[PDB]
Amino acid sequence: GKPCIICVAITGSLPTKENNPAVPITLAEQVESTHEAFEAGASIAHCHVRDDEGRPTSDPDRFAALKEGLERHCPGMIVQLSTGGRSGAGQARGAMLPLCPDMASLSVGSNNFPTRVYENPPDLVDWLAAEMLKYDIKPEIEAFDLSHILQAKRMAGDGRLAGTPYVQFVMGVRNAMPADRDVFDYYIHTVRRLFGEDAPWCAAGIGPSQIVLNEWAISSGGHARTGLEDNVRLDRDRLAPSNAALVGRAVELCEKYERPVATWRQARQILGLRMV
């Protein structure tokens, strides 16, 4: 019964109010939605921002405003900023890093996506990692394929990533890795042999796989991610009313597998973050 960190990916770059009005687009919406999720048991907020038309942006002032709002209203919660390539190109994707958030997301490989290639050129990957060292930001590696995990290990090896990489297995992405239990256990095998038996890791499923990946991760000793960024539904026929509702579904799974939900303090201890 080891503590389980729940991350909430609140907004992403694709979901719109038409997909689900619960999707927080504005700053006010985002702070409220995260506050509910924080209370529901999320300890990390994975953050995207949108512009005034509601479109994905990497604008650093918008990130600063959300970071500040979450530190005000969700004090203690771990703030994770997105270097996602759906929201900008090249070094623009790291323009928010000097804000010194606790964590940032990092892709270390490329892969196909539903309608396109997800491009993460090696030079960019290196630059984002070095910026993260520069600002003592703890990365979360969004592993879309197995080699991505091996590359995190290499980068640890040669000092491009600090300490023990924290990898997220991302499954259920059309054209990338489906939600496959065999591959999932192999990912767990890989993280443990390369990083050590107690290296923390987590996983996220897109759409209907979200709840599945929650159960796989929670039942196996991993940490979980959920939220509207990845999936807007409770089941096939029902929209999720809030990010907090999705977090609750993960907490239920923690109860089922007899694992306590990690407090923000515990999450910080486990991931080697500043006490804050």
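Heads up: residue numbers just count along the shown sequence, starting at 1.
- A summary of the deposited B-factors shows that, of 31-39 and 54-62, the stretch with the larger mean C-alpha value is 54-62.
- For the pair 171-179 and 82-90, the mean B factor over Cα atoms is greater in 82-90.
- Looking at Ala199, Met103, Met96, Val108, the one whose CA carries the top B-factor in the deposited record is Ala199.
- The deposited CA B-factor of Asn112 belongs to the lowest third of values across its chain.
- Ranked against the other modelled residues of its chain, the C-alpha B-factor of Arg72 as given in the entry falls in the highest third.
- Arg193 sits in the highest third of its chain by CA B factor, as recorded in the PDB entry.
- Sort the chain's modelled residues by C-alpha temperature factor and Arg249 lands in the highest third, per the entry.
- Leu213 sits in the middle third of its chain by CA B factor, as recorded in the PDB entry.
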